[PDB]
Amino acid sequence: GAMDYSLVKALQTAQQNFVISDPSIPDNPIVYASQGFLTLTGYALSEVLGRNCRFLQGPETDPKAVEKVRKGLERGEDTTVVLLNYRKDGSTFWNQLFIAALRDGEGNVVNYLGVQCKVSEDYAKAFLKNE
């Protein structure tokens, strides 16, 4: 459950932008989305639950950034990327995206956490250069 994790409760209380996915459901869809995520992206909660978060990507999103995310998920490593994302209205923003495994007491991945932060184009260019 989403509220099993004190990090999730903290981010909820702090009114941050995040989602929780469930990799045991086909296509690793979102099972919880914060209000901040909804406001950032322009989607209603009923439009995001049950969907993989790739709906935020579009033609100007760098496929190499998406590949870094993919590899983090396949290798079990926490990961930070900066990539271009799209709101429901088609407007774009740079997203500094953090994805981490949420584990049980035996080490199994039960859920993934993704935390989104809108950053400026200038911040994004500097981040990508430094990577």
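We call the rigid core whatever largest set of C-alpha positions still superposes within 1.5 Å between the two forms. Note that residue numbering begins at 1 and tracks the sequence as displayed.
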Task: Stretch with larger C-alpha RMS deviation in 5 other deposited structures of this protein, core superposed, 8-16 versus 110-118 - done: 8-16
TODO: Could you check whether 67-75 or 99-107 drifts more from the shown form in 5 other deposited structures of this protein, using RMS Cα distance once the core is superposed?
DONE: 99-107
Open item on the list: Mean Cα B factor from the PDB record: higher for 75-83, or higher for 24-32?
Closed with: 75-83
Open item on the list: I need to verify one thing: averaged over C-alpha atoms only, is the B-factor higher for 5-13 or for 117-125?
Closed with: 117-125
Task: Chain thirds of CA B-factor: placement of residue 88 - done: middle
TODO: Tell me, lowest, middle or highest third: where does the Cα B factor of residue 60 rank within its chain?
DONE: highest
TODO: Could you say whether, by C-alpha temperature factor, residue 70 belongs to the lowest, middle or highest third of its chain?
DONE: highest
TODO: Tell me, lowest, middle or highest third: where does the Cα B factor of residue 47 rank within its chain?
DONE: lowest
